[PDB]
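First comes the structure, then the notes that go with it.
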Amino acid sequence: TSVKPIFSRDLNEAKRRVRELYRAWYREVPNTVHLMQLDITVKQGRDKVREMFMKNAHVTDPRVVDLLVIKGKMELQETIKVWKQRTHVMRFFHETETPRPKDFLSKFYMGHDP
Amino acid sequence: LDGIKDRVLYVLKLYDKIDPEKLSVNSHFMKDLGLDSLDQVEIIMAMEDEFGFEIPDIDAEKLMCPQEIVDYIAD
Amino acid sequence: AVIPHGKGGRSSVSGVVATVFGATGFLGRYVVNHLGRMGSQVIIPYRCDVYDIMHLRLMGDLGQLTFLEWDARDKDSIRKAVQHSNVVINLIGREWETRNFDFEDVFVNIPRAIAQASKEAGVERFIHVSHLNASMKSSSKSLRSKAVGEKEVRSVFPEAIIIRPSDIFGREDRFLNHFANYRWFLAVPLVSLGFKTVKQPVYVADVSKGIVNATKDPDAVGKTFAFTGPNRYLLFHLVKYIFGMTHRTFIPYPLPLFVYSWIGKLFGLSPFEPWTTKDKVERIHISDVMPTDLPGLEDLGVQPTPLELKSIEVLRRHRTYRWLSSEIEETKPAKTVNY
Amino acid sequence: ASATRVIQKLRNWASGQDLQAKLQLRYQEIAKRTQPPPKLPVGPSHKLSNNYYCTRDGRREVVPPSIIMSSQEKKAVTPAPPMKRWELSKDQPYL
Amino acid sequence: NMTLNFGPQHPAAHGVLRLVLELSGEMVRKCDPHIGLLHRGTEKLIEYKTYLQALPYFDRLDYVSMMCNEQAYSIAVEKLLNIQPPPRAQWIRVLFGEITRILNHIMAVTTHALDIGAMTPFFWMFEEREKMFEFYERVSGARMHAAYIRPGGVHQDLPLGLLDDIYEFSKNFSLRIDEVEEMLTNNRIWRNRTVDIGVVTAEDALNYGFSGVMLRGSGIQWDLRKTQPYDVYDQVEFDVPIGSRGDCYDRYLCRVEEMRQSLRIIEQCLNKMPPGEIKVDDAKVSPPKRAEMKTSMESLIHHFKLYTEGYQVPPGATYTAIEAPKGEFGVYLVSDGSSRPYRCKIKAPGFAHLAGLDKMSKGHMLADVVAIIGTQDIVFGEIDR
Amino acid sequence: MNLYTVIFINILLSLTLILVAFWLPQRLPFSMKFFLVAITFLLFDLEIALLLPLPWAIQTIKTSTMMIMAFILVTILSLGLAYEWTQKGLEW
Amino acid sequence: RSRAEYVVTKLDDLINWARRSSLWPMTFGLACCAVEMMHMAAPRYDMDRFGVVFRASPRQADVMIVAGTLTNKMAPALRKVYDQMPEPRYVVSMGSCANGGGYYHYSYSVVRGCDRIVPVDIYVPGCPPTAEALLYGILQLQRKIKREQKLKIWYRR
Amino acid sequence: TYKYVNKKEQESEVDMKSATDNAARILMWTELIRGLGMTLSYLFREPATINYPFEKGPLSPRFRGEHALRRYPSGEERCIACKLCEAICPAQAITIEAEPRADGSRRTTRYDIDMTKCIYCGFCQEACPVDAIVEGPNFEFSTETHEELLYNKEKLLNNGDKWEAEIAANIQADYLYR
Amino acid sequence: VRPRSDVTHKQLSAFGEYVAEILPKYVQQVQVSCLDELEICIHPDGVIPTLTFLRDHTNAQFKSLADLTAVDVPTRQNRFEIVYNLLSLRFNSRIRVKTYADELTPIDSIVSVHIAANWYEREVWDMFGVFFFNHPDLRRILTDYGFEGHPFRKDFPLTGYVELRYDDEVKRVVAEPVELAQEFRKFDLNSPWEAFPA
Ligand SMILES: NC(=O)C1=CN([C@@H]2O[C@H](COP(=O)(O)OP(=O)(O)OC[C@H]3O[C@@H](n4cnc5c(N)ncnc54)[C@H](OP(=O)(O)O)[C@@H]3O)[C@@H](O)[C@H]2O)C=CC1
Ligand SMILES: COC1=C(OC)C(=O)C(CC=C(C)C)=C(C)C1=O
Ligand code: SF4
Ligand code: SF4
């Protein structure tokens, strides 16, 4: 315990920042899908944003959250100030890779080490 | 104002998750109709468009029922 | 056999050594893609100069793709290609009867010799591809001839899977690009003003994935699957929709086919790959058959992908700078016809 | 080389320098190949006597850093003597 | 501001550079150079490689000054082992170090001109550069990427004809500098393109960590070769070519002078190279001679262990800086007692210089930026590492 | 006609090339400086015009007036240039 | 000789000679192999003699020489420049860094070969592949371009 | 010792003669003409290029070039699979697995140098005790396909047999140095 | 055996004491290596203060920042060991000030003290993940635009988790989990025998 605060004194204040970033991404998804001529649906993309913002829903510690948005903000900057081209963005969608089943029987049938 | 309220209701009706039936000016989706925190933020965003008015998070967080939205939109 | 080891991506092994004679094709390109992604051993018989098959090299890994010189008239070339393959996939097809190859050859004659040898070799399974709705009596010589083949090959190779795809939707496809390219033509002829020839497109990948899944599944033997699609369409919406995404005017004007078969004959005379074919024309206005058959997609494991979803990518090259940024959402969808 | 005198004279003039004296192309001035076999010298430590390694192994006679001011009147001292000003060259001070 | 990126394929971008330029009209108001296009992981790979098998990596960080780069690792590892190279080896490293600064400067001056538009200076000097590589190849076997300068001493003795051939090259090389000297030093067109462009003030240069010809060009007098004499730079006499004002011309003129001063140092090295051994005689640090390992057991054991396992340098950490042609090249090698390093931070004269591009290229045209990168002599191998 | 004959061959030769070339194979960049130059250019281009008849005007019987006129034109435009220099114009 | 086959063999021989004699290469300029070619462009081993252009923009380039490591940040670009080159186009992979990952194979930031990104025609080996060695590789591309028989294949197709 | 480049020692006050000389330098582009003279001069110099196929740029004995595995004059391959050539390879290029041959001798069942992985350092040449793996002179081994560049024992042994005569001469010239 | 002059080990040692005395609130340890190099060690809070004193003190002018790096000792609670190497062109001496930073306990930025650090601090964030407060523009410099993970951390796999290839189906470069065709052979090299007391 006894940790020093990075930018947010408590999960509460930190959550404020997450809200802002969500908004940012939400407002940006449409633009990217147009400035990058990505073949995705704005709605679809906006769900992806939600996915990511929740993939890390479990974090309880304020410090971890604060870094997470710093990093998140940095990603947005790379996508609104466009330095990240389609190949970079579409990677988020994991479009080419073949999905792996998580069913035990499925894995048994395919991989030595699951 | 009633029309404004209609606009508010209109937006909600549009949002997918919100259920038209449960929807009522007194419904608090955050606690009632089951909208997630993030969803509430998204709703406010749609309102910001329909009403062309920006809402600070501080206040937006305070707005969790459509009536409350109407009230803020009012002022 | 080859025990399948690995995590599933390139540089891994799946144990499918497969001759694929017509890989250079639009469908082919995709077939080699998945086979290579999975890690299968792919032998690609080719006749066109090496320059044209370079696009296939990066697909697949080192020592996973082997290219062999092969001539259809020369039986020996087919013989050595299948020497060490255990799966043979036949995608040999064309739309324009070429001077030295007739629809029979490209569809029935050659695809027979091939499977014939494959058996002599002892290949476990042969997949033969023939166009959808292919009656031995269908109007287009092409479709009928293809039908003739699916029969024969069964006698040369029993229990040989016969996937029968509809016209395919994909980048570099004809079905979608052809119509979109009618732009050059000021008017876009459409027999019966593009009506009563409901058509069900199928994404190329879906077809490819399906085909690949066949190679690695015991359920398919003697099966005549039909990869069809996720939605049917009267040719009218399709044509306009295309023009819609291309953002180019749509001027549907009906043209009596009897005269139009003649237009196909005209371009057909072209020495360099006639753009339209008498046999094409008929095919285009040949109504898509109904879906009562060994199911293909989904049945073989891939859920079809709606046309509108990826249409944007196929038709983008045809737009103008003005519309390049435009997106699918801005445009409208076409309407299906369960009929 | 192998240039008619006139071309050389034009060359030297147009360039403004006796380029012939210092040609870039190499001709029979470069060290011949197959120079004689080399018997290289063996250095120190090859003595067969009084050559104990313990007396010639700086590798690990090195010790852990010396520590000052560990946490666990007086004149001011600089990192080192103030540097000495460099002096202008004498062959070619300027240019 | 019409954002435009100086994309990698463009020749002026050194192959990998994505300068996001904001063009306020043709005048460029901001640059945000996006390096990283050649980051190879050079310093995470070294942690997994023994000290000798990581030497090669140092020849590929700045790829135009190979041996001077591998003289910084060699000095570092040598410090951490409290071993010193034999006298002949130190002269050979100074001989090869100045051949590399002539080689880097011919690279920097001629390619800068290629960018500005002068094409002939590159061809005349590049023929003089293959003459020089030959010296690398004749001493190591590789035209570039030699691996000759080893962590202790150098690898093999100079072939018996090299010093005569280095004299013949050095004897006639100065006319070759004189010739581009006439063709690109007074041309009003060069001066106009180079003079008063990218002026950097003295204190700003120290603050931005420029540390190189960029430091010396604005008049600060700092050469790690005279201030902190590494190897034998205490027994050779040379004049640091300090420039006065800082424009890209004064920096060019300084680079042309250092080529001339290096010929003065190369002369001294050929005139005074000592008879002796080229690698320290401790079999523990430098591998045993081919005949010895094939006739004496102590030598085979020492050859087997050194090649298979390593020197096992004593635990410690050092930052050793040498004056690489670009500027101060330093290796912060942290070492556990293990034969393979723990960290190797390559300070690249170039990471600091490219940072200065935004400040230096201020109130300047699209064309000036091409000169600004050219006068930093930036090779992206060192910056990207 | 003789010119017409030559010119159409000239276009034909070029159209032939491009045709074979295509057949054998088988947003806000603005700086007033740029606009300003174009303008100056015409002010100078117009003057070139008022100066072009000078070869015929040399033979004019007056002569004195010719030169008096021509010298005034060149001088007044050059002063225009002078003020262009003095002002930020021509200083890009 | 008289045969539609002979006329179609001789005319590609003509088309192949033109592409072979004038290959305008486009060097990305990654890492150091670009230097070992700047030496090929230089006077000891002129490339122009052979009909090679020292500097050619992508749209006017017949050959792309990938010299140097193709990091995972330059890959997305190489493909773009390869994709934007005119159709008749060929790739020469120079350096063990490009044809295969070379030193830096196991790095997390280096693509293990440009063959993964762009189809490669001739692979020139060597850490700094010597400049003659590149010149041999370019000459090997010319031998590959002579053998191609595009017109013959169209005639018997 | 330092040296000022581009530092004007003093302010030479303009003298008409000086001014004229200068003005002439700007007006009649005198220095520009000086530059043209230099290039005209070389136009007359002999070009340094070599006919590449017919003539070859000189490489001395230590040139590393292409890997080869040598054999004893008797015909027994030199390698005895000590596998330290694998240990010191910086790039992880050489892969060696061995087993006692029927004769009972030690030999490598598989020796694979991945040349695309190899960075031609020449340490393997250095490390081998029997000096079985050597850096051969040939540099021209460019290959159409990536697989050809990967080399197994048979290609290297064959490479060794083809270039053994020159490899022996090269090692003969440089062994005293090593 | 290298020649060592104790003049320096004495000069530098004294300076160390001088710095320590002047900045006792932050200096924890000040040592001189056997290689005559000083290495004041400061509490992370003393980043701004200790540097500034060295950049602007008449008796210790340390004008240029040679390098900013972060070794990562995973065992150490504070994982990173930010090391700043400085040079004094006036006194021809270098010093190193090294602090400790854990993954989520950021260090102050010295871009104010030396603008050289603007880039190196971005380099330390990209590779190791330490964060620098008050940095003008902290953003990945060396890694790819979409890279996930900090690479030079000792806990990051060399080959990494993603590699790129061109896929025809999608006609675009596409990441895939890394699949290597010859894994990095991990030779164990440490010998079971020590060398000296050290
Ligand atoms: N819309 C569609 O694409 C549909 C296709 N199909 C079937 O799927 C198969 C693949 O179609 P698709 O890829 O579009 O066809 P393509 O026109 O792309 O050609 C397929 C391949 O067949 C090869 N080929 C054609 N003729 C000959 C010949 N005489 N000798 C040797 N090889 C030959 C071609 O090689 P090369 O170019 O080197 O000669 C090519 O690589 C076809 O057989 C077709 O019947 C069925 C329904 C719809
Ligand atoms: C000397 O500095 C550099 C160049 O510019 C002159 C580059 O062109 C290039 C790359 C250039 C090409 C296109 C060969 C590199 C690698 C370089 O280091
Ligand atoms: S191959 Fe050798 S030389 Fe070419 S880039 Fe990679 S390392 Fe530098
Ligand atoms: S070192 Fe020489 S001998 Fe020992 S294995 Fe490698 S090659 Fe064979």
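Each chain in the structure tokens gets a letter, A, B, ..., in the order shown, and its residues are numbered from 1; ligands are numbered from 1 in order too.
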
Hey, which residues come within 10 Å of ligand 2 if we count only C-alpha atoms and all ligand atoms? Could you give them as a VMD selection string?
(chain E and resid 8 to 16 62 to 64 104 to 116 122 370 373 to 374 377 to 381) or (chain G and resid 25 to 39 41 54 to 57 65 to 68)

Please extract the residues at most 10 Å from ligand 4, counting only C-alpha atoms and all ligand atoms, and provide them as a PDB file with C-alpha atoms, in the first residue's frame, using the chain letters and residue numbers of this document.
```pdb
ATOM      1  CA  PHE E 304      37.605 -23.515 -26.954  1.00  0.00           C
TER       2      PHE E 304
ATOM      3  CA  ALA H  68      32.616 -23.855 -47.912  1.00  0.00           C
ATOM      4  CA  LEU H  69      33.513 -27.013 -45.889  1.00  0.00           C
ATOM      5  CA  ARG H  70      37.011 -28.381 -46.709  1.00  0.00           C
ATOM      6  CA  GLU H  77      35.892 -34.222 -44.563  1.00  0.00           C
ATOM      7  CA  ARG H  78      37.743 -31.993 -42.067  1.00  0.00           C
ATOM      8  CA  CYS H  79      34.828 -31.169 -39.758  1.00  0.00           C
ATOM      9  CA  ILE H  80      34.752 -33.290 -36.556  1.00  0.00           C
ATOM     10  CA  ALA H  81      31.538 -31.677 -35.219  1.00  0.00           C
ATOM     11  CA  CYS H  82      33.001 -29.903 -32.178  1.00  0.00           C
ATOM     12  CA  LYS H  83      30.166 -27.487 -32.891  1.00  0.00           C
ATOM     13  CA  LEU H  84      31.850 -24.296 -31.583  1.00  0.00           C
ATOM     14  CA  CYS H  85      31.438 -22.847 -35.082  1.00  0.00           C
ATOM     15  CA  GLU H  86      27.752 -22.995 -34.110  1.00  0.00           C
ATOM     16  CA  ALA H  87      28.583 -21.531 -30.677  1.00  0.00           C
ATOM     17  CA  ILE H  88      30.412 -18.426 -31.951  1.00  0.00           C
ATOM     18  CA  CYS H  89      28.199 -17.692 -34.972  1.00  0.00           C
ATOM     19  CA  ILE H  94      24.992 -22.642 -38.512  1.00  0.00           C
ATOM     20  CA  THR H  95      22.891 -25.605 -37.270  1.00  0.00           C
ATOM     21  CA  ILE H  96      24.880 -28.793 -36.522  1.00  0.00           C
ATOM     22  CA  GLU H  97      23.640 -32.179 -35.200  1.00  0.00           C
ATOM     23  CA  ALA H  98      26.078 -35.128 -35.124  1.00  0.00           C
ATOM     24  CA  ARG H 106      32.913 -38.185 -35.191  1.00  0.00           C
ATOM     25  CA  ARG H 107      31.105 -36.485 -38.050  1.00  0.00           C
ATOM     26  CA  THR H 108      28.150 -34.095 -38.561  1.00  0.00           C
ATOM     27  CA  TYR H 111      25.475 -29.012 -41.185  1.00  0.00           C
ATOM     28  CA  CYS H 124      33.538 -19.370 -38.054  1.00  0.00           C
ATOM     29  CA  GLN H 125      36.666 -19.224 -40.216  1.00  0.00           C
ATOM     30  CA  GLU H 126      38.494 -18.145 -37.018  1.00  0.00           C
ATOM     31  CA  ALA H 127      36.908 -20.596 -34.495  1.00  0.00           C
ATOM     32  CA  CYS H 128      37.258 -23.967 -36.289  1.00  0.00           C
ATOM     33  CA  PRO H 129      40.118 -26.006 -34.749  1.00  0.00           C
ATOM     34  CA  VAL H 130      40.542 -28.239 -37.875  1.00  0.00           C
ATOM     35  CA  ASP H 131      39.629 -25.233 -39.978  1.00  0.00           C
ATOM     36  CA  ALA H 132      37.002 -27.249 -41.803  1.00  0.00           C
ATOM     37  CA  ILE H 133      34.657 -24.268 -42.369  1.00  0.00           C
ATOM     38  CA  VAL H 134      36.330 -21.510 -44.381  1.00  0.00           C
TER      39      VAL H 134
END
```

When the cut-off is 8 Å and you count only C-alpha atoms and all ligand atoms, which residues lie near ligand 1, shown as a ChimeraX atom specification? /C:21-29,46-48,70-72,90-95,98,100-102,105-107,110,129-132,146,164-169,173-175 /G:157

Report as a list in words all protein, DNA and RNA residues lying within 8 Å of range 71-76 of chain D, evaluated on only C-alpha atoms, omitting residues in the same chain fewer than 4 positions from it.
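That gives residues 18, 28, 29 and 59 of chain I.
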
From the options E:26, E:164, E:128, E:59, which residue's atoms come nearest to ligand 3, counting only C-alpha atoms and all ligand atoms?
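Of all the options, E:59 lies closest to ligand 3.
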
Report as a PDB file with N, CA, C and O atoms, in the first residue's frame the set of chain C residues whose atoms approach chain G to within 9 Å, with distances computed over only C-alpha atoms.
```
ATOM      1  N   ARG C  47       1.513 -22.524 -66.392  1.00  0.00           N
ATOM      2  CA  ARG C  47       1.940 -22.498 -67.785  1.00  0.00           C
ATOM      3  C   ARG C  47       2.383 -21.101 -68.172  1.00  0.00           C
ATOM      4  O   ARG C  47       3.275 -20.940 -68.996  1.00  0.00           O
ATOM      5  N   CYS C  48       1.772 -20.087 -67.573  1.00  0.00           N
ATOM      6  CA  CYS C  48       2.158 -18.718 -67.852  1.00  0.00           C
ATOM      7  C   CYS C  48       3.556 -18.491 -67.325  1.00  0.00           C
ATOM      8  O   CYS C  48       3.989 -19.181 -66.418  1.00  0.00           O
ATOM      9  N   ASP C  49       4.273 -17.527 -67.883  1.00  0.00           N
ATOM     10  CA  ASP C  49       5.659 -17.312 -67.482  1.00  0.00           C
ATOM     11  C   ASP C  49       5.778 -17.011 -66.005  1.00  0.00           C
ATOM     12  O   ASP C  49       4.825 -16.550 -65.385  1.00  0.00           O
ATOM     13  N   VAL C  50       6.954 -17.245 -65.440  1.00  0.00           N
ATOM     14  CA  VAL C  50       7.147 -17.047 -64.012  1.00  0.00           C
ATOM     15  C   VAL C  50       6.747 -15.657 -63.545  1.00  0.00           C
ATOM     16  O   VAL C  50       6.324 -15.482 -62.406  1.00  0.00           O
ATOM     17  N   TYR C  51       6.862 -14.667 -64.410  1.00  0.00           N
ATOM     18  CA  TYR C  51       6.574 -13.314 -63.979  1.00  0.00           C
ATOM     19  C   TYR C  51       5.184 -13.229 -63.415  1.00  0.00           C
ATOM     20  O   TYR C  51       4.959 -12.543 -62.428  1.00  0.00           O
ATOM     21  N   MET C  54       4.351 -14.672 -59.604  1.00  0.00           N
ATOM     22  CA  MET C  54       5.173 -14.149 -58.517  1.00  0.00           C
ATOM     23  C   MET C  54       4.183 -13.834 -57.420  1.00  0.00           C
ATOM     24  O   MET C  54       4.487 -13.997 -56.245  1.00  0.00           O
ATOM     25  N   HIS C  55       2.989 -13.398 -57.782  1.00  0.00           N
ATOM     26  CA  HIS C  55       2.039 -12.985 -56.760  1.00  0.00           C
ATOM     27  C   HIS C  55       1.722 -14.110 -55.812  1.00  0.00           C
ATOM     28  O   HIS C  55       1.118 -13.886 -54.774  1.00  0.00           O
ATOM     29  N   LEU C  56       2.109 -15.323 -56.164  1.00  0.00           N
ATOM     30  CA  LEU C  56       1.780 -16.467 -55.337  1.00  0.00           C
ATOM     31  C   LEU C  56       2.933 -16.838 -54.440  1.00  0.00           C
ATOM     32  O   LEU C  56       2.761 -17.575 -53.483  1.00  0.00           O
ATOM     33  N   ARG C  57       4.112 -16.327 -54.732  1.00  0.00           N
ATOM     34  CA  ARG C  57       5.268 -16.724 -53.954  1.00  0.00           C
ATOM     35  C   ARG C  57       5.245 -16.322 -52.496  1.00  0.00           C
ATOM     36  O   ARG C  57       5.518 -17.140 -51.631  1.00  0.00           O
ATOM     37  N   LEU C  58       4.920 -15.068 -52.213  1.00  0.00           N
ATOM     38  CA  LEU C  58       4.931 -14.599 -50.832  1.00  0.00           C
ATOM     39  C   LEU C  58       3.886 -15.336 -50.014  1.00  0.00           C
ATOM     40  O   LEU C  58       4.041 -15.526 -48.813  1.00  0.00           O
ATOM     41  N   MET C  59       2.828 -15.784 -50.673  1.00  0.00           N
ATOM     42  CA  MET C  59       1.831 -16.591 -50.001  1.00  0.00           C
ATOM     43  C   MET C  59       2.581 -17.864 -49.726  1.00  0.00           C
ATOM     44  O   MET C  59       3.421 -18.265 -50.514  1.00  0.00           O
ATOM     45  N   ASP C  61       4.867 -20.470 -47.271  1.00  0.00           N
ATOM     46  CA  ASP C  61       6.204 -20.264 -46.787  1.00  0.00           C
ATOM     47  C   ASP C  61       7.219 -20.951 -47.655  1.00  0.00           C
ATOM     48  O   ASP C  61       6.845 -21.651 -48.662  1.00  0.00           O
ATOM     49  N   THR C  98     -10.819 -20.200 -76.457  1.00  0.00           N
ATOM     50  CA  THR C  98      -9.626 -19.673 -77.095  1.00  0.00           C
ATOM     51  C   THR C  98      -9.311 -20.469 -78.340  1.00  0.00           C
ATOM     52  O   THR C  98      -9.825 -21.566 -78.531  1.00  0.00           O
ATOM     53  N   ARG C  99      -8.457 -19.927 -79.186  1.00  0.00           N
ATOM     54  CA  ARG C  99      -8.162 -20.585 -80.434  1.00  0.00           C
ATOM     55  C   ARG C  99      -7.757 -22.019 -80.222  1.00  0.00           C
ATOM     56  O   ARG C  99      -8.229 -22.906 -80.921  1.00  0.00           O
ATOM     57  N   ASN C 100      -6.894 -22.262 -79.254  1.00  0.00           N
ATOM     58  CA  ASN C 100      -6.386 -23.615 -79.076  1.00  0.00           C
ATOM     59  C   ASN C 100      -6.979 -24.355 -77.888  1.00  0.00           C
ATOM     60  O   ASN C 100      -6.459 -25.395 -77.489  1.00  0.00           O
ATOM     61  N   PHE C 101      -8.058 -23.838 -77.315  1.00  0.00           N
ATOM     62  CA  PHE C 101      -8.725 -24.552 -76.230  1.00  0.00           C
ATOM     63  C   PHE C 101     -10.219 -24.290 -76.232  1.00  0.00           C
ATOM     64  O   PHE C 101     -10.649 -23.147 -76.113  1.00  0.00           O
ATOM     65  N   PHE C 272      -7.630 -10.287 -78.090  1.00  0.00           N
ATOM     66  CA  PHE C 272      -7.110 -10.220 -76.726  1.00  0.00           C
ATOM     67  C   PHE C 272      -8.182 -10.321 -75.646  1.00  0.00           C
ATOM     68  O   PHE C 272      -8.688  -9.301 -75.186  1.00  0.00           O
TER      69      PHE C 272
END
```

* To do: Define the interface residues of chain F facing chain E as those within 7 Å, counting only C-alpha atoms, and report them as a PyMOL selection string.
  => chain F and resi 28-31

| request: Write out as a ChimeraX atom specification each polymer residue (protein, DNA or RNA) that has an atom no more than 10 Å from ligand 3, with only C-alpha atoms and all ligand atoms counted. | output: /E:38,40,56-57,59-63,144-145,381 /G:29-36,66-70,93-105,124-130 /H:116-121

#### Entry: Near-residue 62 in chain B list (12 Å; only C-alpha atoms; drop same-chain fewer than 2 positions) as a PyMOL selection string
chain B and resi 28+30+37+40-41+44+55-60+64-69+71-72

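Between chain G and the residues H:146, H:25, H:3, H:34, the shortest atom-to-atom distance, using only C-alpha atoms, involves H:146.
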
Spatial neighbours of residue 24 in chain B, 12 Å, only C-alpha atoms, chain gap at least 2 places, as a short mmCIF file (atom, residue, chain, number, x, y, z; two decimals) with N, CA, C and O atoms, in the first residue's frame:
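Wrote part_30.cif, looks like this:
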```cif
data_model
loop_
_atom_site.label_atom_id
_atom_site.label_comp_id
_atom_site.auth_asym_id
_atom_site.auth_seq_id
_atom_site.Cartn_x
_atom_site.Cartn_y
_atom_site.Cartn_z
N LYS B 5 -38.16 17.87 -25.18
CA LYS B 5 -38.24 16.58 -24.53
C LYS B 5 -38.42 15.52 -25.59
O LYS B 5 -37.85 14.44 -25.50
N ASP B 6 -39.21 15.84 -26.60
CA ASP B 6 -39.41 14.90 -27.69
C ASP B 6 -38.09 14.63 -28.37
O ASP B 6 -37.80 13.50 -28.73
N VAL B 8 -35.16 14.77 -26.96
CA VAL B 8 -34.42 13.91 -26.05
C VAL B 8 -34.91 12.49 -26.20
O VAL B 8 -34.13 11.56 -26.40
N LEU B 9 -36.22 12.33 -26.13
CA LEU B 9 -36.79 11.01 -26.24
C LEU B 9 -36.44 10.46 -27.60
O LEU B 9 -36.14 9.28 -27.74
N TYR B 10 -36.45 11.33 -28.60
CA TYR B 10 -36.18 10.88 -29.95
C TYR B 10 -34.82 10.23 -29.98
O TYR B 10 -34.67 9.11 -30.47
N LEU B 12 -33.02 8.94 -27.62
CA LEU B 12 -32.98 7.68 -26.90
C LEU B 12 -33.62 6.60 -27.72
O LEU B 12 -33.07 5.51 -27.86
N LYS B 13 -34.77 6.91 -28.30
CA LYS B 13 -35.47 5.91 -29.07
C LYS B 13 -34.53 5.36 -30.12
O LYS B 13 -34.56 4.17 -30.45
N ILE B 18 -31.32 1.05 -25.61
CA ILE B 18 -32.48 1.58 -24.90
C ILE B 18 -33.72 0.90 -25.43
O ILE B 18 -33.87 0.75 -26.65
N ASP B 19 -34.59 0.46 -24.54
CA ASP B 19 -35.83 -0.19 -24.96
C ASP B 19 -36.95 0.82 -25.03
O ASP B 19 -37.25 1.49 -24.04
N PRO B 20 -37.60 0.92 -26.19
CA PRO B 20 -38.64 1.95 -26.34
C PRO B 20 -39.70 1.83 -25.26
O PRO B 20 -40.24 2.84 -24.83
N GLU B 21 -40.00 0.61 -24.83
CA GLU B 21 -41.05 0.39 -23.84
C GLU B 21 -40.68 0.93 -22.46
O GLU B 21 -41.44 1.69 -21.87
N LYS B 22 -39.52 0.56 -21.97
CA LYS B 22 -39.07 1.03 -20.66
C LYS B 22 -38.85 2.53 -20.68
O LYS B 22 -38.97 3.19 -19.65
N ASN B 26 -38.92 9.66 -16.95
CA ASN B 26 -38.44 9.46 -15.59
C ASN B 26 -37.53 8.24 -15.47
O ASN B 26 -37.05 7.93 -14.38
N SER B 27 -37.31 7.54 -16.58
CA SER B 27 -36.42 6.37 -16.57
C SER B 27 -34.96 6.77 -16.39
O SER B 27 -34.48 7.68 -17.05
N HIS B 28 -34.26 6.08 -15.49
CA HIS B 28 -32.84 6.36 -15.31
C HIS B 28 -32.11 5.14 -15.82
O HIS B 28 -31.91 4.18 -15.09
N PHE B 29 -31.69 5.18 -17.08
CA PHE B 29 -31.05 4.01 -17.66
C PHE B 29 -29.84 3.48 -16.91
O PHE B 29 -29.59 2.27 -16.86
N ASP B 32 -32.03 2.02 -13.99
CA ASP B 32 -33.20 1.32 -14.42
C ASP B 32 -33.24 0.45 -15.70
O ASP B 32 -33.13 -0.77 -15.67
N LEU B 33 -33.28 1.14 -16.84
CA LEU B 33 -33.18 0.43 -18.11
C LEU B 33 -31.86 -0.32 -18.49
O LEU B 33 -31.70 -0.96 -19.52
N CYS B 65 -31.10 10.43 -16.21
CA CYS B 65 -32.50 10.18 -16.56
C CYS B 65 -32.89 11.12 -17.68
O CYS B 65 -32.35 12.21 -17.76
N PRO B 66 -33.79 10.70 -18.58
CA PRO B 66 -34.01 11.58 -19.72
C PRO B 66 -34.57 12.93 -19.35
O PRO B 66 -34.27 13.93 -19.99
N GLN B 67 -35.37 12.96 -18.30
CA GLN B 67 -35.90 14.22 -17.83
C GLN B 67 -34.75 15.10 -17.40
O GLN B 67 -34.71 16.28 -17.71
N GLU B 68 -33.81 14.52 -16.66
CA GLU B 68 -32.70 15.31 -16.19
C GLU B 68 -32.02 15.90 -17.40
O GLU B 68 -31.62 17.06 -17.40
N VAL B 70 -33.41 16.62 -20.15
CA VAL B 70 -34.27 17.70 -20.62
C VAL B 70 -34.00 18.94 -19.79
O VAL B 70 -33.90 20.04 -20.32
#
```
